[PDB]
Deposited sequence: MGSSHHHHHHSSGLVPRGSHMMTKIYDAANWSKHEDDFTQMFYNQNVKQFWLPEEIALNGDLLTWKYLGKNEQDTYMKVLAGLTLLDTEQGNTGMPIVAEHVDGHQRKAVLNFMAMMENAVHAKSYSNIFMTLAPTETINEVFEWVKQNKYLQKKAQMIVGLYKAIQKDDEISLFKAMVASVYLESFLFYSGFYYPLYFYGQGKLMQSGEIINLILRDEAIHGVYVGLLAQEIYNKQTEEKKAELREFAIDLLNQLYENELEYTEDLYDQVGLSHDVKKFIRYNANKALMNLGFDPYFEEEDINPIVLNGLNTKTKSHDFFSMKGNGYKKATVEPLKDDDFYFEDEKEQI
């Protein structure tokens, strides 16, 4: 009921890194404090590292196990955006803002970081556990994918959106907004594929899959809180970032056809500013009664 519509929306959102000139960001970058520059670098590396997993494994593995030519095509398109567009865009932002040696060090740090690794490996673990012709394991991986696309990225997206909403780092913020817009539709689409599997299950199996999804969400959420304090306490933003994580967790759940887990909260206004039944002919005698 939905793949051709998503095909259309995906291909009409096509874009390339070269379209946004990045050099003018140096005019606001130079005015940020060390903690602001440090947080931005670390957040950016976090997003880059997670998105690489999605391009190399997450999207291609789902495309491999999903049946249907049109679904495979949409999924291929999404994998292309991760590897050919998003990955180049993140690299471009980095090369503009930091010298080569600084980029290498930030990636070394974020690669060793406990909270980034915990979530990255949890997601990758579920992708590696998909078994041929087993729709339960596929569903679990789709849940992981939706959580990455619609939830885990957002502790990171917060900061570029925060600057973007203030008139700072506008070129890289525009790029991030385009990336985020792609991840949103990726999350919704994979969510619909997961609901299709979920709806084929018994009531007991459904309850079991719901417990899986909520348990996974809880593990990721508790690690996100730690990840958040680790990055954002030094710039005083953690309270507001936490509200943004919960709001996006609720969107991820709704993508999977589940109820929101967290109470509704208002979001930081600066970040907000950044953000046919069946045709049958009449065969006569239907006009007579």
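List in ascending order the stretches of the deposited sequence, numbered from 1, that lack C-alpha coordinates.
Model skips 1-36, 312-329, 344-350 of the deposited chain.
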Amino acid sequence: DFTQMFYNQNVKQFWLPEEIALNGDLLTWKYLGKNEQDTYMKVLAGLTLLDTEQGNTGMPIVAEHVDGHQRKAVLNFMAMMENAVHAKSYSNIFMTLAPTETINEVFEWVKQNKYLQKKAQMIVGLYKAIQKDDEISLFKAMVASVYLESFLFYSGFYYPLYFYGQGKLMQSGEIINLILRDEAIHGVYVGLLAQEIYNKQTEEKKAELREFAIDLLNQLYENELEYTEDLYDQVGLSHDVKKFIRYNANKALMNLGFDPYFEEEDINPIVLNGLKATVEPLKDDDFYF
From here on, numbers count along this sequence of modelled residues.
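Checking the other entries of this protein that model its neighbours, is residue 12 missing in at least a third?
Residue 12: modelled in all of the comparison entries.
Find out whether the coordinates of residue 271 are absent in at least a third of the other compared PDB entries of the same protein.
That residue is present in all of the other compared entries.
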